Every structure is written in structure tokens, then in C-alpha cells.
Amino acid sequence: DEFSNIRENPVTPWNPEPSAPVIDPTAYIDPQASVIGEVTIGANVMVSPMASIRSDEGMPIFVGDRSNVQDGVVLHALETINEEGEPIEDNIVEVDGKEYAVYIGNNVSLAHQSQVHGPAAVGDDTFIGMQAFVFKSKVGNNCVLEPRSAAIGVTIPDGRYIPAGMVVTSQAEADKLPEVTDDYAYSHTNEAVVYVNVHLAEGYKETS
């Protein structure tokens, strides 16, 4: 088995010309991670073993600076353009004035075995916990998805957290999530994780 783990996407009815990932020179992509297609990876990002970032259906997939995509995390997205050239707007997320299938902001941690599936956006300085799930949702900035929480079809307001195990599928429930406060157990977590993963990215780059 001989292959390149950083690859162009395939030609399909919705993808006339292949794109290959645009990765900042200071990002570290593990040899056992997979990054395919129309992807932009920012500076000082670490992509760990067994992650799969695949921008071949819905595109583009963006990962902002100093973010981390941990072991086994999957990024993928629903088709953004149909077989007619029509952009399927329900499957497209808008962040600032740019369109994405999946937008991962800056300083965001996607912890081990989580998944963010487009259409989706994750705001700056948010922690997506281990085994958590985000799909058809916009997670605000400075949020915390504790381990095994999920956001499906909702907008999670800035500065809120989703308790471990909780699956949020209605906007009514998302609106009443609890707020991150100083004494909250995950209140400083993301900053510490980002500091660690920026340092891991540089250490691993020095072995590459």
C-alpha cells in the first residue's frame, strides 16, 4: 500500500476540476491522517493520527489558525452544488461574507473522535469535546461541547456549553443552554488545549 495522504478530490458531477489542500507551512499533518480536496488549513494547526478531513462532496472545508483536529476526528459535508451547477444554499454556511461547507474557526479544538459535518460552523476559541458531534449547526465562539454532547440543526449561542451526553436538536433547547462562567469546569480548557496543541504541532514538525 503506497499512497499520498494529502490528495486532490476526485472529479464528479459536482466537481469539474480537482482541488488539492492549501496547508500553511507551519501546520503539521500526521502521516496517518487523511486530507483530501478543497481544504484550507491554517497556521500552527495540528492534525493527528487517523483524522480524516475530506472535502469531496460539500466544499470547501476550512480550518483556522492554531486549531487542532485530533485523533479520529472526521470533517465531511453534504453536497453544496448540485448536478445543474446550482448551489444548494441549505447546505452552505456563511461566515463573515465567505461561503463554506464546514468552517472551523481559529483556536478551536476538535477533540478525539469528535466529528463536525457540514453544513456547519464552529466559532473561535471553542472546544468540541471527545466523541462530540456537530451537524447542520452553527456553534458560537467561546463555547464548550463537553464529551459526547451533540448539536444537530441548531445555533449554539456564543459562550454557552452543552453538558456531557446531551443531544440538542431544537433551537428552543439551544437557546437555554447554560453559560460558560469562571467556575465552570471547562471554562479555561480550550486555551490550555490550544497552547498544548500549538506546541505539539511545532514539536512534530521538527521530526518531519
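Whichever C-alpha set is largest while still superposing within 1.5 Å between the two forms counts as the rigid core. Position 1 is the first residue in the sequence shown; the rest follow in order.
Structural divergence in 5 other deposited structures of this protein between 58-66 and 162-170: following superposition by the core, 58-66 has C-alpha atoms lying farther from the shown form.
Root mean square Cα distance to the shown form, taken over structures and residues in 5 other deposited structures of this protein after a core fit, is higher for 81-89 when 111-119 and 81-89 are compared. Mean CA B-factor, 110-118 versus 84-92: the higher value falls on 84-92. For the segment pair 96-104 and 73-81, the entry gives 96-104 the higher mean B-factor, averaged over Cα atoms. Looking at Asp30, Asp56, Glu146, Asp175, the one whose CA carries the top B-factor in the deposited record is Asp175. In this PDB entry, the Cα temperature factor of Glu38 sits in the middle third of its chain's modelled residues.
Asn197: CA B factor lies in the lowest third for its chain, per the PDB record. Split the chain's modelled residues into thirds by C-alpha temperature factor. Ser52 is in the lowest one. When the CA B factors of the chain's modelled residues are split into thirds, the value for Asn142 lands in the middle one.
Split the chain's modelled residues into thirds by C-alpha temperature factor. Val63 is in the lowest one.
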